[PDB]
Structure formats: C-alpha cells, structure tokens
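Engineer: here are the coordinates; sequence isn't available:
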C-alpha cells in the first residue's frame, strides 16, 4: 500500500555543476567575494517588466543571462576582474490582485540552444516553474552554470545559461476598469554557493 | 481519547502496479530512458482546455489516456521502440481569479470500463481528486498502469487507464464583465518511477 | 554467430499457471530441420540491394509436423530455431542481412539501412555452414491460441550488398538460399482438443 | 566466387598511434542534469546514415571515398536522440565493410584527420601523414576502428558546427579486376557505427520537429 499526495511544492531539481573546481588550474587566481553578498537577493539591474491584457500567450516577458551583470554588487566587482565562473540564484515577484487571472512559465534555457522562437508547447520542456499572476510571495530558481569552457570572461559577453519568462495563459480579468492594470514584475538575484571571480585586475571602471 | 483533524491533503492512495517486472521475460529487451525525463513535468501535447460559464455540470473537459503520447519526450522516443509499459504522473493547472466559483473532479477511470456517459454522481466513485477553479498551484495525480496484458504496443493504440475531468459544480461568477472569462486549463505529465520502452527499433519517424 | 542483442524469452514456463495442460511433442521432431514453407530465394547479379528475400513469422505453420499437431490443441507457446543455407562458390561476393523484427511493427518498405537497426546478422554469400539463429516468441499474451494467427516475431531477409560474380552465356548464376526450422527446447502446445474437421 | 581463403582477412587493427580520449567524464560536472542513453544502443552496430559508397575501376587514386565527421549524425539512434538534447561528448566505433570479389585488387587508406585541419584537398601525398590504416578491398571481416573526440572544449553543441576529428577514407591504389571476361566488379563498401564506452548527450531540450 502507498499514498501519493495531490499538492507538492515546485522545487526544480538540479545536478550540481562545478564552479571554481574546474577553472582552478587554468586560472591565475580564484578570488573570493564578500560572504554577505550570498546572503540576500537584490533587484537585477534589468529586472523590470510588466504584463498586460494586451499580451498574447507566447510573448517573452524577459530573457536574462547568467553573469555578474544580474547583481549590482557582482556588477561592481566585475571591474576589478577579467572573468567569472559559478552559479547564481534568481527570484521573481509579481503585483496582481485577485481579479487578474493568468499563468507564466519561467524556464532555464541552456546555452547553445538555438536562439529563435519558443512556443508555449516548448517552454515547459525545459526545467521550469509555473507561476500564476496572483502569487504574493517571491518565487526563486537556481541559475546554474552549464558551460563547456572552464570560466567565462567578464568583458567579452560569453554565452551562458539564460532564463526566460513566457506568458503561458492569456492574462485576463473580469470587467472592472481594466486594460489599464499592467501587472508589474521584478527580478532579484544573488550569487549561489559556488560563485567567484577569476583574476584580480586594476578597476577599469569602464565596462 | 483521540483527535481527528478537519482539513487534510488530497493524496489519492494507490497500490503499486508492476511495470517492467511483468513484461521482462516476454519482451526481447527492456530499454531505459534518460533519467532526467523523470525529473520534471512538461505540457502534454493535448493538455489544453477551457472551462466556461456556458458549460453544464457533467460535461467532460478532457479525457486523456495513459501512454507515451502524454509526454513530448516519450512521444519522441516512441519512434525507436515497438511498445511500452509502466506508470506516469500527470498534473493540472488552472487560471482563475477570485471571482470564478466552481469545482471539477479529476478521476482515474480504469481500462475496460464501459466508455459511455458519466454522471456527476458517478465521477466521484473512481479514485479522484476535487479541484476548485480558484486554485493557484498545480495538482498532480498518479496515472497507474492497470492492465491485463504484459506490455502495450506503441503503434497499436492499446486500451489503458484513462484520466477524465468533469465539471462537478457549475462554473459561475458574480456579475462583472463575464461570459467572456474562459478559465484556461493545462496538463503536464512525466513518466513515473517504473516506465520504460520494450524493444529497440529503427526510428520510423512516422507514427 | 548466434549472438544477437536479445534477451532470453521465456516460453511455456510463463504460460503454465494459466494453461489447463502443457502438452509435449514427439522428441524426434526436435531433431530434424524442415524446410519452411516460403523460406527460399535466389539472388541474381541484377537484383538490387534492399529487396526482401523472405519474410516469415513465428508460429506452428512453419513446420508441417507442428502445423499438423496444431489441429489437436487450443493454444501454443515457445520459441523456434532456424538456419539459412546459401549456395555460392568462392568466386562470389555480396552480403545478406537477416533481422528479427518485433511482433508489432508498421508494415511497409525497409531501406537497406533500417534493416540493420534490428537485432540482426550479416552474412556473406561465401559461407559454407548453415547460419543458425533463434526465433523467440516475443508477446504480450501468455500463450498464443492456435485457431487465430496473431502478431508474432518475424524473420526478414534483405539483400544487403549486391552480387558480384561472373557467369557463362547461361544462366547468370543465381545464388540460391533456403531456410529450415525446427522447434526450440521449450515449444509446447496448451490444451488437448478434439480436432475439428476444418482446421 | 568461392568460399576459399584466397582473400586477405586483414581484420588486424594496426595500432593507430593515438592515446585514449576521455569522453563524457569531462562534461559531467558541467551539465546541470544527469543524462544517459539506452544501453541497448551500445550493443549492435548499425549502418551509418551516409554509410554506403562504391569503388569503381575508373576511380582515380586520391578520390575521397568518404569523409565523415564525429558526431551524433553517425547513428540513426544517435541522430534521432540528438534532437532532444543540446550537446554531446564521447567517441565512436566504426566498422568498414569492404568484402570485394576475389578477382579484384586495390588498396584504400583511412585516416583520422584532427580538428581544425583545413578541409578540402587532402591529397594522396599527405593522407598517410595522419594516424591511418591501409586496407585491401578484398578484406573479409569488417574493419573496426575508433573515432575519438579530440576536442578543445568540454563538449560539442548538438548543433554540430563545431570542429570534430573527422574520419576520411581515400582511394590509394586504382581498383582493378582479374577475371577474364568483359567485367570489372565495382565493389560496394558499407559503414556501420555505434557509440563508444562513454558517448553521451548533456542537457534535455524540446525535441524540435525539423531537426
């Protein structure tokens, strides 16, 4: 006998990817960061968007890319280093009342996947999480570092794992004053447990 | 003395059915699949429907059937094999605001049950789960493999356990702009812990 | 050469608990390869590769003695053992592939490439000894019923690589092949039954 | 024309001067998932998609009989699986079937040209400069030979624009026959393949339709 539940958490599963352990011998240095940067999220420099009843399902709300540019602290430290390697952790927040119905999908698109058009039927094929616009609490995901190079360079804009958000179900409400109720959405990020820069360097302050 | 609670999870109970353990001696092979296919749901190729205030209670919203056709990964691997056996796991998501009231029932209709008309009084007789249209999180169910044959054939459209969704309680709202508020609904699926194909075969790509 | 990527298929040890009886066969029948009813072909130098030389499914109809015994029982189950013979001297060249298609497969054309994807063997036309290989009873039911031909595992023989020989003014020197079969160690009939007249 | 041993059953694998090459073991700690292909695929050889070719007595020494690059496009199974993932690692094992008639004669050469080598000419003067084998068109047994993943990065994207150690078989000596009558046996050569010990893909993706 057994008993299967009918409601479980989302909890995207992963297989741990190595950070500095791969880039160690081929890098001149391995530079730590302030251990408190791992300790809270912070709004990504571009983590801003807004859903609207005039968005068709399938539209990509945002498409971020793993890197130190997702965290204003890492973005500031990146001026003193030539490259980076490791994982990060993102979270999303929405602003919707009980009148807005609709669901979006946040998926972890890997690198080297053909950058083209994604259908709603495809977006769920990736490791993902489904979030409806009525949620109050933030929703987090691990941005791993699937890569075939030992460590990326900061200033060269390497290709890494992306994170895409698609409007799964058409956002629609009842008929109060609507079509003027953009659901705002924000993104915050913080380095995962295995993030660190690669080579100390004069702060060039121009990146 | 004792104390019985008043609110528990749904958690449909099961008795484990054997997968490859039955089909082992009478099959030429037993082919594994990528162990990561077990690790996330993905929208069923036909997992799309929509409830409307113009649906009478009793209407069947969808009726799926156990098989590799519920998962685009299994559906793709099925071209290299002649048959399959095992269990799967489905989940359902809805898109409703706080104004839509109504409940549906998801039941596991067994094979060889007379394919006819099901009343609302009957739908709850099966192992089922009750879901109201206001739910935010997905709701999952185990699609077991009740069968009297050792293993089904992929290309012959065998008869297996179905999964039916009936509008239990009439979906109705208050009176904002309504009758134009179809509650979208989607289905995702993934192989259970005991799924595998039966016989390697040139990929015929035409199924 | 009897090494194909296949598992041992249980027969008559899987159908025993649900069969009323398990009837045996005259053991002499186990010791004589008999010509299958359509297990014969003849390759010509102009036969294009990819052709189907023979195709035949497992069942009691592959053996005259087994076909005669089938009229006396209700069901049958078990494997068989076949061998291919080719008539070619040392001055030939060309290959023939023999595959084991599963007992559920969309019928139609098979290119010379797909035929290799099954558990198969490749055979040169210069092989003296008969090529032996098993015919296992892959199935979903326990034991097949004698009075209705259901899907069973089939042998398919495809001309893989064309024939390269000289030939005199006549008659182009075909390479003829034949196929013989016999019951395996655990081929049995199920339920003794009065032999109905039109079987 | 007969079953005799007047042929060259040179199934001998001359020691190809090349070290072993690590496969998926290098990309495992860099892939976010755990992936694995059907073990039965590792069992039997199968004709490569473009696995057929033919040698005519009018072919000139130096003509490329075939030139095929390492990747999932060498097995129907692997090619079908490659539509589900994004990236692949590992080596391959290839059998060459050259069992021409006993009245024929001629030799070809198979070489493991490394990546980043300029494609194109590959003249007969330099085909032997690579780790190679010399094969006779009258060989009975299939000639086994490895296809290692000599690479610069961890894995190759399943979109195989990458550079992989391609394998090239070139006609070395002209094909000539010896039978007394008005006919030169054109020999039909085949190519079978199967994944090596630790060939593997990396990251699951939606199985695109038009691969």
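Structural biologist: Thanks, I have the structure now. Numbers count the residues shown, from 1 in each chain, chains lettered A, B, ... in the order given.
Engineer: wait, what's in contact with the residue of chain A found nearest chain B?
Structural biologist: Nearest to chain B, among the residues of chain A, is residue A:175, at 1.9 Å (CB to the nearest CB). For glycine as for every other residue, the C-beta is placed from the backbone atoms N, C-alpha and C. Residues counted as contacts of residue A:175 (CB atoms under 8 Å, 6 or more residues apart in numbering or on different chains) are B:176-178, B:180.
Engineer: chain A: helices as residue ranges?
Structural biologist: Here chain A has its helices, by DSSP state H, at A:20-23, A:72-77, A:120-123.
Engineer: out of those helices, which comes closest to residue B:130?
Structural biologist: Ranking the helices of chain A by their distance to residue B:130 (criterion: CB to CB) puts helix A:120-123 first, at 27.2 Å.
Engineer: elements contacting that closest one?
Structural biologist: Counting contacts by 3 or more CB pairs under 8 Å, 6 or more residues apart in numbering or on different chains; DSSP states H and E, helix A:120-123 is packed against strand A:103-107, strand A:162-167, strand B:42-51.
Engineer: quick check: can you name the pairing partners of the second one and their directions?
Structural biologist: Here strand A:162-167 has these sheet partners by DSSP bridges: strand A:60-65 (antiparallel), strand A:103-107 (antiparallel).
Engineer: who touches that strand?
Structural biologist: Contact with strand A:162-167 is made by A:49, A:51, A:55-66, A:90, A:92, A:102, A:104-111, A:118, A:120, A:123, A:126, A:141, A:143, as judged by CB under 8 Å, 6+ apart.
Engineer: counting neighbours, what do you get for residue A:94?
Structural biologist: Here the number of neighbours of residue A:94 (other CB atoms under 10 Å in any protein chain shown) works out to 22.
Engineer: same thing with residue A:73?
Structural biologist: Residue A:73 is surrounded by 17 other residues when neighbours are defined as other CB under 10 Å.
Engineer: what's it in contact with, if anything?
Structural biologist: Applying CB under 8 Å, 6+ apart, one finds that residue A:73 lies in contact with A:33-34, A:37, A:42.
Engineer: ok so, going back, the helices and strands packed on helix A:120-123 into JSON lines, with extra columns for mean neighbour count?
Structural biologist: Converted to JSON lines, the helices and strands packed on helix A:120-123 look like this (neighbours: other CB atoms under 10 Å in any protein chain shown):
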{"stretch": "strand A:103-107", "mean neighbour count": "25"}
{"stretch": "strand A:162-167", "mean neighbour count": "21"}
{"stretch": "strand B:42-51", "mean neighbour count": "19"}
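Engineer: make CSV from those strands and add distance to residue A:84 to it.
Structural biologist: Written out in CSV, the entries for those read as follows (distance: least, CB to CB, whole Å):
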stretch, distance to residue A:84
strand A:103-107, 23
strand A:162-167, 16
strand B:42-51, 32
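Engineer: with respect to burial, which of the helices of chain A scores highest?
Structural biologist: Mean neighbour count, computed with mean count of other CB atoms under 10 Å in any protein chain shown, is highest for helix A:120-123 among the helices of chain A, reaching a mean of 20.
Engineer: follow-up on the earlier one: how close does the residue of chain A closest to chain B get to residue B:180?
Structural biologist: The spacing between residue A:175 and residue B:180, counted by CB to CB, to the nearest Å, is 8 Å.
Engineer: next: residue A:70.
Structural biologist: Separation of residue A:70 from residue B:180 (CB to CB) stands at 39 Å.
Engineer: returning to that earlier point: can I get the strands paired with strand A:162-167 in CSV with distance to residue B:193?
Structural biologist: Conversion of these to CSV gives the following (distance: least, CB to CB, whole Å):
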stretch, distance to residue B:193
strand A:60-65, 34
strand A:103-107, 24
